[PDB]
Amino acid sequence: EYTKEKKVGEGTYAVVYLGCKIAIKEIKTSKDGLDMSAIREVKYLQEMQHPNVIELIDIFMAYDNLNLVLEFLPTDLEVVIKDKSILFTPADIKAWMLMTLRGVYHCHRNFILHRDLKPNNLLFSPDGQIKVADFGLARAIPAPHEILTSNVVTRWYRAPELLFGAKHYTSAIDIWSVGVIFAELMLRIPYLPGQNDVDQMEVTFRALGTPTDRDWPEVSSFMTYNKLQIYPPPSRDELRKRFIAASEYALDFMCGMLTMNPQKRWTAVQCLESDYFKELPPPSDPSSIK
Amino acid sequence: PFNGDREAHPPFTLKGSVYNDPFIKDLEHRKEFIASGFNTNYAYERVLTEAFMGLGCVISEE
Amino acid sequence: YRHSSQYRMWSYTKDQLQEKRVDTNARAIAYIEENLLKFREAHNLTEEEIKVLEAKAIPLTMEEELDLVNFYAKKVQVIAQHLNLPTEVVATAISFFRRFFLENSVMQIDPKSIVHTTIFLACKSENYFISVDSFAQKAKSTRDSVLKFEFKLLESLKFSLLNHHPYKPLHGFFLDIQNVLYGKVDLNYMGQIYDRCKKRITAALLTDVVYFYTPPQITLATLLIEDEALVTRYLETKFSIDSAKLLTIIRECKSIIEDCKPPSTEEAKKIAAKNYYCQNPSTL
Ligand SMILES: Nc1ncnc2c1ncn2[C@@H]1O[C@H](COP(=O)(O)OP(=O)(O)O)[C@@H](O)[C@H]1O
């Protein structure tokens, strides 16, 4: 729509506007004419309609730039980092996980990757339904002989095959990210931080374990597994210590979601029915979020 | 009751141990292809459900 | 499929598509007849020559536009296949060119410059990854002729930049034949199907079939070339979806694909000198 008000965003790639209930995202056109991450982010967000992925009302052309629409309210990152412990493990940890996995499954059954998943990518709504947006490095799931990119997702939310250097991966790299969203939501801390380097591999090995030959096979075919040594995987003494605010069935699909095996990683069709939402209490979308 | 996904289930069938495809079944025998999480049934489930998307008509256009 | 961009706003019927052709030929007549009555400053001498070029251009290109854009679609197909591209990006380039010229005519945007831009937006669409200068040195472009007709191509395309194509239904019905049937399989069906039906669907994308039916229906239409035991025994044993309606849909799609007529070397003369340049002859 042709309505504008005050701006959000200090980034030089895009500065988003606001107006009407909507938010106009403008890509500055002024090398190449149009960037990869403008057509790459309109061409899959145009064709999805869901209550967990935002949609385009109009994509009307500007004089030089490209206009989109977005959502009004802020994101999941400002919810976690600044509260007075409103969020409670009976109900608030279940509904947002259920809706984010619903959005991830709607991306997956359209065979679209969406390899940029962050709490500043997951944003809420006035009725509190969390949305999946910002498809800036998304890609359709191609033919198996096609070479993909490498560094496609951010550091703190990176799948370990992307740490190791998997050039042509599957779409199981975005279940690891939402499992880290689960742990970041029930721990209220930035989970697995790195020092702007290759140190994400060492902190992931320190947290969840250096993969062994017997279990996730062919991990030594990356020219990175020989650089380091083995670390012990965590046992079920993690149930009380460092994860004491959790239920019995939460650790089952958390450990099934933080599998470092990508072939044995639980896809969303077996994460939406992983008997964790069946346990009491039932969730409800009125949550005390400002 | 409740449903985890509100409407997200197709009713068609699949059997991945039957085919003799010369583009993926030979492609999965390599080393670096397995190491990125690739198996045969994921690609076949990707392509066979795409082969049945949209069996409608031209009467359903107005 | 109804949530996809190809169904909700670019899938048509025969009456709706012919209405689309006559409205893009009806909205693009007045500006072009106004811009080609420009005579000299004082008076016009060659009245008969400018009226026979007006009779060649204005009431004749309402049907010459369709085989003109089919000829230039054949041109962009052979130059996209010339520069070593996959069959997926060739199909998207053909679809982007044809979808550009459904909303605009060939006179107010010349088709000789769109044919290098569509390969660029197709390879940047599904990640081919050619650069601009590497694309220019492999073509007859000097970096400016591939980028000026880019904003308006996306505006006239209205940003339906992902397209569904029948090659993944080929790889699906390459496998679903073998699952339901075991009598006569995979000798001739890997001998002479993957090398023939692919070229038949490139010839189908040159024709006007993808605005009519879904790409599995076009796939099962082009699989009916060998209908001795394959397609009839496939659709009878598959059976929520009735069979005979799908056989009639595939049969009328085959009736659509069989009304074929290739290009010629005559359409070139009308646009070569009459439009924008012949006048110069009249002037001097
Ligand atoms: N719908 C929105 N409502 C409010 N703020 C938004 C909205 N969308 C984006 N923003 C802001 O735009 C910026 C996102 O731009 P970008 O850097 O491209 O995302 P990313 O870091 O995932 O790559 C963020 O600062 C975000 O706060």
# chains A, B, ... in the order shown; residues from 1 in each chain; ligands from 1
>>> residues_near_ligand(ligand="ligand 1", cutoff="10 Å", atoms="only C-alpha atoms and all ligand atoms", output="ChimeraX atom specification")
/A:7-18,21-25,27,37,54,69-75,77-78,116-125,131,133-137,153-154
>>> closest_atom_pairs(of="chain C", to="chain B", cutoff="8 Å", atoms="only C-alpha atoms", output="Markdown table")
| residue | atom | partner | partner_atom | distance |
| --- | --- | --- | --- | --- |
| C:1 | CA | B:54 | CA | 5.1 |
| C:2 | CA | B:54 | CA | 7.5 |
| C:11 | CA | B:61 | CA | 7.9 |
| C:12 | CA | B:61 | CA | 7.1 |
| C:13 | CA | B:58 | CA | 6.2 |
| C:168 | CA | B:47 | CA | 6.0 |
| C:169 | CA | B:51 | CA | 4.1 |
| C:170 | CA | B:51 | CA | 7.6 |
| C:171 | CA | B:47 | CA | 6.7 |
| C:172 | CA | B:48 | CA | 4.5 |
| C:173 | CA | B:51 | CA | 6.9 |
| C:175 | CA | B:19 | CA | 6.2 |
| C:176 | CA | B:48 | CA | 7.6 |
| C:178 | CA | B:19 | CA | 6.5 |
| C:179 | CA | B:18 | CA | 6.3 |
| C:212 | CA | B:58 | CA | 7.2 |
| C:213 | CA | B:57 | CA | 7.2 |
| C:214 | CA | B:54 | CA | 6.1 |
| C:216 | CA | B:51 | CA | 5.8 |
| C:217 | CA | B:55 | CA | 7.3 |
| C:249 | CA | B:57 | CA | 7.4 |
>>> write_last_selection(atoms="N, CA, C and O atoms", output="PDB file, in the first residue's frame")
ATOM      1  N   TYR C   1      -1.461 -27.157  -4.924  1.00  0.00           N
ATOM      2  CA  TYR C   1      -1.142 -26.470  -6.165  1.00  0.00           C
ATOM      3  C   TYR C   1      -1.902 -25.163  -6.278  1.00  0.00           C
ATOM      4  O   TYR C   1      -1.425 -24.233  -6.933  1.00  0.00           O
ATOM      5  N   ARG C   2      -3.069 -25.071  -5.634  1.00  0.00           N
ATOM      6  CA  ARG C   2      -3.875 -23.858  -5.686  1.00  0.00           C
ATOM      7  C   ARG C   2      -3.245 -22.711  -4.909  1.00  0.00           C
ATOM      8  O   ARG C   2      -3.567 -21.548  -5.174  1.00  0.00           O
ATOM      9  N   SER C  11      -2.788 -19.340 -14.566  1.00  0.00           N
ATOM     10  CA  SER C  11      -3.362 -20.507 -15.224  1.00  0.00           C
ATOM     11  C   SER C  11      -4.690 -20.101 -15.834  1.00  0.00           C
ATOM     12  O   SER C  11      -5.528 -19.497 -15.157  1.00  0.00           O
ATOM     13  N   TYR C  12      -4.876 -20.415 -17.111  1.00  0.00           N
ATOM     14  CA  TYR C  12      -5.971 -19.852 -17.882  1.00  0.00           C
ATOM     15  C   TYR C  12      -6.780 -20.971 -18.527  1.00  0.00           C
ATOM     16  O   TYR C  12      -6.461 -22.157 -18.405  1.00  0.00           O
ATOM     17  N   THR C  13      -7.848 -20.576 -19.206  1.00  0.00           N
ATOM     18  CA  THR C  13      -8.625 -21.434 -20.084  1.00  0.00           C
ATOM     19  C   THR C  13      -8.463 -20.935 -21.514  1.00  0.00           C
ATOM     20  O   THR C  13      -7.702 -20.001 -21.778  1.00  0.00           O
ATOM     21  N   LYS C 168      10.108 -32.642 -13.207  1.00  0.00           N
ATOM     22  CA  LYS C 168       9.921 -33.405 -11.978  1.00  0.00           C
ATOM     23  C   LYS C 168       8.719 -34.361 -12.059  1.00  0.00           C
ATOM     24  O   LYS C 168       8.795 -35.438 -11.458  1.00  0.00           O
ATOM     25  N   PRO C 169       7.603 -34.052 -12.752  1.00  0.00           N
ATOM     26  CA  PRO C 169       6.681 -35.151 -13.095  1.00  0.00           C
ATOM     27  C   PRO C 169       7.260 -36.235 -13.999  1.00  0.00           C
ATOM     28  O   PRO C 169       6.803 -37.381 -13.895  1.00  0.00           O
ATOM     29  N   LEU C 170       8.228 -35.928 -14.875  1.00  0.00           N
ATOM     30  CA  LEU C 170       8.951 -37.000 -15.575  1.00  0.00           C
ATOM     31  C   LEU C 170       9.727 -37.882 -14.622  1.00  0.00           C
ATOM     32  O   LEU C 170       9.705 -39.107 -14.757  1.00  0.00           O
ATOM     33  N   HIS C 171      10.414 -37.291 -13.650  1.00  0.00           N
ATOM     34  CA  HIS C 171      11.139 -38.142 -12.717  1.00  0.00           C
ATOM     35  C   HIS C 171      10.217 -38.814 -11.700  1.00  0.00           C
ATOM     36  O   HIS C 171      10.622 -39.795 -11.070  1.00  0.00           O
ATOM     37  N   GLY C 172       8.991 -38.325 -11.541  1.00  0.00           N
ATOM     38  CA  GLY C 172       8.021 -39.011 -10.711  1.00  0.00           C
ATOM     39  C   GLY C 172       7.350 -40.183 -11.397  1.00  0.00           C
ATOM     40  O   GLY C 172       7.231 -41.269 -10.818  1.00  0.00           O
ATOM     41  N   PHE C 173       6.903 -39.983 -12.634  1.00  0.00           N
ATOM     42  CA  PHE C 173       6.290 -41.039 -13.425  1.00  0.00           C
ATOM     43  C   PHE C 173       7.316 -41.895 -14.149  1.00  0.00           C
ATOM     44  O   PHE C 173       6.940 -42.822 -14.865  1.00  0.00           O
ATOM     45  N   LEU C 175       9.193 -43.346 -12.023  1.00  0.00           N
ATOM     46  CA  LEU C 175       9.279 -44.258 -10.901  1.00  0.00           C
ATOM     47  C   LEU C 175       7.944 -44.880 -10.541  1.00  0.00           C
ATOM     48  O   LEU C 175       7.912 -46.024 -10.093  1.00  0.00           O
ATOM     49  N   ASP C 176       6.838 -44.160 -10.750  1.00  0.00           N
ATOM     50  CA  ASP C 176       5.526 -44.688 -10.402  1.00  0.00           C
ATOM     51  C   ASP C 176       4.988 -45.675 -11.429  1.00  0.00           C
ATOM     52  O   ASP C 176       4.035 -46.397 -11.120  1.00  0.00           O
ATOM     53  N   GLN C 178       7.046 -48.091 -12.535  1.00  0.00           N
ATOM     54  CA  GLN C 178       7.702 -49.307 -12.071  1.00  0.00           C
ATOM     55  C   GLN C 178       7.136 -49.820 -10.752  1.00  0.00           C
ATOM     56  O   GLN C 178       7.261 -51.013 -10.463  1.00  0.00           O
ATOM     57  N   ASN C 179       6.518 -48.952  -9.951  1.00  0.00           N
ATOM     58  CA  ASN C 179       5.984 -49.394  -8.669  1.00  0.00           C
ATOM     59  C   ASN C 179       4.673 -50.152  -8.828  1.00  0.00           C
ATOM     60  O   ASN C 179       4.447 -51.152  -8.137  1.00  0.00           O
ATOM     61  N   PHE C 212      -2.693 -24.013 -19.957  1.00  0.00           N
ATOM     62  CA  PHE C 212      -3.912 -24.805 -20.014  1.00  0.00           C
ATOM     63  C   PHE C 212      -4.007 -25.828 -18.893  1.00  0.00           C
ATOM     64  O   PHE C 212      -4.999 -25.855 -18.161  1.00  0.00           O
ATOM     65  N   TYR C 213      -2.994 -26.677 -18.744  1.00  0.00           N
ATOM     66  CA  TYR C 213      -3.071 -27.814 -17.842  1.00  0.00           C
ATOM     67  C   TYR C 213      -1.855 -27.864 -16.926  1.00  0.00           C
ATOM     68  O   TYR C 213      -0.825 -27.233 -17.175  1.00  0.00           O
ATOM     69  N   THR C 214      -2.016 -28.628 -15.850  1.00  0.00           N
ATOM     70  CA  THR C 214      -0.997 -28.800 -14.829  1.00  0.00           C
ATOM     71  C   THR C 214       0.147 -29.643 -15.406  1.00  0.00           C
ATOM     72  O   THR C 214      -0.084 -30.451 -16.309  1.00  0.00           O
ATOM     73  N   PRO C 216       1.930 -32.274 -14.386  1.00  0.00           N
ATOM     74  CA  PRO C 216       1.668 -33.723 -14.515  1.00  0.00           C
ATOM     75  C   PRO C 216       0.723 -34.103 -15.645  1.00  0.00           C
ATOM     76  O   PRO C 216       0.905 -35.171 -16.247  1.00  0.00           O
ATOM     77  N   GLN C 217      -0.262 -33.263 -15.970  1.00  0.00           N
ATOM     78  CA  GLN C 217      -1.151 -33.575 -17.084  1.00  0.00           C
ATOM     79  C   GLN C 217      -0.444 -33.419 -18.428  1.00  0.00           C
ATOM     80  O   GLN C 217      -0.691 -34.210 -19.345  1.00  0.00           O
ATOM     81  N   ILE C 249      -9.104 -35.544 -20.100  1.00  0.00           N
ATOM     82  CA  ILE C 249      -8.258 -34.360 -19.945  1.00  0.00           C
ATOM     83  C   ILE C 249      -6.926 -34.538 -20.680  1.00  0.00           C
ATOM     84  O   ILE C 249      -6.473 -33.638 -21.405  1.00  0.00           O
TER      85      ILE C 249
END
>>> atom_distance(atom1="CA of residue 209 in chain A", atom2="CA of residue 238 in chain A")
13.2 Å
>>> interface_residues(of="chain A", to="chain B", cutoff="8 Å", atoms="only C-alpha atoms", output="compact mmCIF listing (two decimals) with N, CA and C atoms, in the first residue's frame")
# COMPACT_ATOMS: atom_id res chain seq x y z
N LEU A 98 5.11 -25.41 18.68
CA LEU A 98 4.14 -26.03 17.79
C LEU A 98 3.89 -25.17 16.55
N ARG A 102 4.99 -25.88 12.71
CA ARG A 102 3.97 -25.84 11.67
C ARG A 102 4.42 -25.00 10.48
N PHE A 111 8.80 -27.76 -0.47
CA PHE A 111 10.18 -28.07 -0.88
C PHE A 111 11.02 -26.81 -1.04
N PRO A 144 19.35 -33.46 -7.04
CA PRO A 144 20.45 -33.92 -6.17
C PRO A 144 21.85 -33.72 -6.73
N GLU A 161 26.59 -30.10 10.02
CA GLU A 161 27.06 -30.41 8.67
C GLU A 161 27.49 -29.14 7.94
N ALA A 166 29.32 -29.15 4.41
CA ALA A 166 28.50 -29.89 3.46
C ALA A 166 28.05 -28.97 2.33
N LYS A 167 28.51 -29.27 1.11
CA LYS A 167 28.25 -28.39 -0.01
C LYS A 167 26.82 -28.53 -0.53
N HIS A 168 26.32 -29.76 -0.60
CA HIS A 168 25.00 -30.05 -1.16
C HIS A 168 24.20 -30.84 -0.14
N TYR A 169 23.50 -30.12 0.73
CA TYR A 169 22.84 -30.67 1.90
C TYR A 169 21.37 -30.95 1.63
N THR A 170 20.68 -31.45 2.65
CA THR A 170 19.25 -31.67 2.62
C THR A 170 18.57 -30.56 3.41
N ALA A 172 17.19 -30.87 6.37
CA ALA A 172 17.21 -31.17 7.79
C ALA A 172 18.05 -30.19 8.59
N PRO A 217 27.88 -41.92 10.35
CA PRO A 217 28.98 -42.32 9.48
C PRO A 217 29.33 -41.23 8.47
N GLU A 218 30.50 -41.41 7.84
CA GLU A 218 31.06 -40.54 6.79
C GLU A 218 31.25 -39.10 7.26
N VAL A 219 31.51 -38.90 8.55
CA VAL A 219 31.81 -37.56 9.06
C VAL A 219 33.26 -37.18 8.81
N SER A 221 34.73 -37.30 5.95
CA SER A 221 34.87 -36.92 4.54
C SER A 221 34.66 -35.42 4.34
N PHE A 222 35.11 -34.60 5.29
CA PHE A 222 34.96 -33.16 5.20
C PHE A 222 36.27 -32.39 5.26
N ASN A 261 23.39 -36.41 13.64
CA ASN A 261 23.06 -37.18 12.44
C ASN A 261 21.99 -36.44 11.65
N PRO A 262 22.23 -36.10 10.38
CA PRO A 262 21.19 -35.45 9.59
C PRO A 262 20.23 -36.42 8.91
N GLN A 263 20.68 -37.64 8.63
CA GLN A 263 19.79 -38.65 8.06
C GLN A 263 18.79 -39.15 9.10
N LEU A 272 5.74 -33.04 14.61
CA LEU A 272 4.41 -32.59 15.00
C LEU A 272 3.60 -33.66 15.71
N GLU A 273 4.03 -34.92 15.68
CA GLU A 273 3.33 -36.00 16.36
C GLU A 273 4.31 -36.82 17.20
N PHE A 277 3.35 -32.84 22.61
CA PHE A 277 2.15 -32.02 22.72
C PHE A 277 0.97 -32.80 23.30
>>> closest_atom_pairs(of="chain C", to="chain A", cutoff="12 Å", atoms="only C-alpha atoms", output="tab-separated table")
residue	atom	partner	partner_atom	distance
C:1	CA	A:110	CA	9.6
C:2	CA	A:47	CA	9.6
C:3	CA	A:47	CA	6.3
C:4	CA	A:47	CA	5.0
C:5	CA	A:47	CA	5.3
C:6	CA	A:47	CA	8.8
C:7	CA	A:47	CA	10.0
C:8	CA	A:47	CA	9.5
C:9	CA	A:47	CA	10.9
C:86	CA	A:146	CA	10.6
C:87	CA	A:143	CA	11.8
C:88	CA	A:143	CA	9.9
C:117	CA	A:33	CA	11.7
C:120	CA	A:32	CA	10.9
C:121	CA	A:39	CA	9.3
C:122	CA	A:39	CA	10.9
C:123	CA	A:36	CA	10.6
C:124	CA	A:36	CA	6.9
C:125	CA	A:39	CA	7.1
C:126	CA	A:140	CA	7.9
C:127	CA	A:36	CA	8.5
C:128	CA	A:146	CA	9.6
C:129	CA	A:36	CA	9.4
C:130	CA	A:32	CA	11.1
C:131	CA	A:32	CA	8.1
C:132	CA	A:32	CA	6.6
C:133	CA	A:31	CA	9.3
C:134	CA	A:32	CA	11.8
C:135	CA	A:32	CA	11.6
C:143	CA	A:32	CA	9.5
C:144	CA	A:33	CA	10.2
C:145	CA	A:33	CA	12.0
C:146	CA	A:33	CA	9.7
C:147	CA	A:33	CA	6.6
C:148	CA	A:33	CA	9.0
C:149	CA	A:33	CA	10.8
C:150	CA	A:33	CA	8.4
C:151	CA	A:64	CA	8.5
C:152	CA	A:61	CA	9.4
C:153	CA	A:61	CA	11.6
C:154	CA	A:61	CA	9.2
C:155	CA	A:61	CA	7.0
C:156	CA	A:61	CA	10.6
C:157	CA	A:61	CA	11.8
C:158	CA	A:59	CA	8.3
C:159	CA	A:43	CA	7.1
C:160	CA	A:43	CA	6.9
C:161	CA	A:43	CA	5.5
C:162	CA	A:43	CA	5.9
C:163	CA	A:43	CA	9.6
C:164	CA	A:140	CA	11.4
C:167	CA	A:143	CA	10.5
C:168	CA	A:143	CA	9.1
C:171	CA	A:143	CA	10.4
>>> write_last_selection(atoms="C-alpha atoms", output="compact mmCIF listing (two decimals), in the first residue's frame")
# COMPACT_ATOMS: atom_id res chain seq x y z
CA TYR C 1 -1.14 -26.47 -6.16
CA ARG C 2 -3.87 -23.86 -5.69
CA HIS C 3 -1.60 -21.99 -3.26
CA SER C 4 1.15 -21.79 -5.90
CA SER C 5 1.71 -18.69 -8.01
CA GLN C 6 1.18 -20.52 -11.32
CA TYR C 7 -2.38 -21.56 -10.47
CA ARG C 8 -3.92 -18.54 -8.79
CA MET C 9 -3.00 -15.89 -11.34
CA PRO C 86 20.45 -27.16 -18.06
CA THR C 87 16.96 -27.99 -19.27
CA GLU C 88 15.38 -26.46 -16.16
CA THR C 117 17.39 -10.48 -20.44
CA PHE C 120 19.77 -13.59 -17.19
CA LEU C 121 16.70 -13.49 -14.94
CA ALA C 122 16.23 -17.25 -15.40
CA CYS C 123 19.80 -18.08 -14.39
CA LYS C 124 19.68 -15.61 -11.49
CA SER C 125 16.22 -17.03 -10.64
CA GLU C 126 17.09 -20.62 -9.73
CA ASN C 127 20.60 -20.11 -8.97
CA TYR C 128 22.44 -20.78 -12.08
CA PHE C 129 25.11 -18.27 -11.03
CA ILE C 130 26.51 -16.69 -13.99
CA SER C 131 27.93 -13.16 -13.46
CA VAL C 132 26.95 -10.19 -15.57
CA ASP C 133 30.23 -9.75 -17.46
CA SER C 134 30.71 -13.50 -17.90
CA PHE C 135 27.19 -13.63 -19.33
CA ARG C 143 26.36 -5.32 -20.06
CA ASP C 144 23.75 -2.61 -20.80
CA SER C 145 21.46 -4.63 -23.08
CA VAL C 146 20.76 -7.26 -20.38
CA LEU C 147 19.87 -4.85 -17.57
CA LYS C 148 17.69 -2.05 -18.95
CA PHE C 149 14.75 -4.36 -19.74
CA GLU C 150 14.77 -5.91 -16.27
CA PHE C 151 12.55 -3.81 -13.98
CA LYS C 152 9.75 -3.68 -16.55
CA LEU C 153 10.05 -7.41 -17.26
CA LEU C 154 9.42 -8.11 -13.58
CA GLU C 155 6.63 -5.51 -13.57
CA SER C 156 4.87 -7.09 -16.57
CA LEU C 157 5.64 -10.55 -15.15
CA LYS C 158 4.12 -9.41 -11.79
CA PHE C 159 6.78 -11.31 -9.83
CA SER C 160 5.62 -14.90 -10.43
CA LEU C 161 9.27 -15.82 -10.65
CA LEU C 162 8.98 -19.47 -9.56
CA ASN C 163 7.47 -21.83 -12.13
CA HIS C 164 6.48 -25.50 -11.95
CA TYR C 167 10.57 -32.50 -15.60
CA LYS C 168 9.92 -33.41 -11.98
CA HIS C 171 11.14 -38.14 -12.72
>>> decode(residues="range 112-127 of chain C", atoms="N, CA and C atoms", output="short mmCIF file (atom, residue, chain, number, x, y, z; two decimals), in the first residue's frame")
data_model
loop_
_atom_site.label_atom_id
_atom_site.label_comp_id
_atom_site.auth_asym_id
_atom_site.auth_seq_id
_atom_site.Cartn_x
_atom_site.Cartn_y
_atom_site.Cartn_z
N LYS C 112 13.70 -8.33 -29.79
CA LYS C 112 15.09 -8.68 -30.04
C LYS C 112 16.00 -8.33 -28.87
N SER C 113 15.50 -7.59 -27.89
CA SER C 113 16.28 -7.24 -26.70
C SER C 113 15.83 -7.97 -25.45
N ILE C 114 14.60 -8.48 -25.42
CA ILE C 114 14.10 -9.25 -24.29
C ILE C 114 14.79 -10.61 -24.22
N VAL C 115 15.19 -11.16 -25.37
CA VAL C 115 15.73 -12.51 -25.47
C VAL C 115 17.07 -12.71 -24.78
N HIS C 116 17.79 -11.64 -24.44
CA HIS C 116 19.00 -11.78 -23.65
C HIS C 116 18.77 -11.50 -22.17
N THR C 117 17.71 -10.76 -21.83
CA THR C 117 17.39 -10.48 -20.44
C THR C 117 16.74 -11.67 -19.74
N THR C 118 15.93 -12.45 -20.47
CA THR C 118 15.20 -13.56 -19.86
C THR C 118 16.11 -14.69 -19.44
N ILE C 119 17.19 -14.93 -20.19
CA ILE C 119 18.18 -15.92 -19.77
C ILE C 119 18.89 -15.45 -18.50
N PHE C 120 19.13 -14.14 -18.39
CA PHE C 120 19.77 -13.59 -17.19
C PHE C 120 18.88 -13.70 -15.96
N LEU C 121 17.59 -13.36 -16.09
CA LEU C 121 16.70 -13.49 -14.94
C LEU C 121 16.36 -14.95 -14.66
N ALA C 122 16.44 -15.83 -15.65
CA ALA C 122 16.23 -17.25 -15.40
C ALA C 122 17.42 -17.87 -14.68
N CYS C 123 18.65 -17.49 -15.05
CA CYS C 123 19.80 -18.08 -14.39
C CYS C 123 20.03 -17.48 -13.01
N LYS C 124 19.66 -16.21 -12.82
CA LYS C 124 19.68 -15.61 -11.49
C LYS C 124 18.44 -16.01 -10.68
N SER C 125 17.43 -16.59 -11.33
CA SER C 125 16.22 -17.03 -10.64
C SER C 125 16.48 -18.27 -9.80
N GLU C 126 16.93 -19.35 -10.42
CA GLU C 126 17.09 -20.62 -9.73
C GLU C 126 18.56 -21.04 -9.64
N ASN C 127 19.27 -20.02 -9.30
CA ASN C 127 20.60 -20.11 -8.97
C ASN C 127 21.50 -20.70 -9.95
#
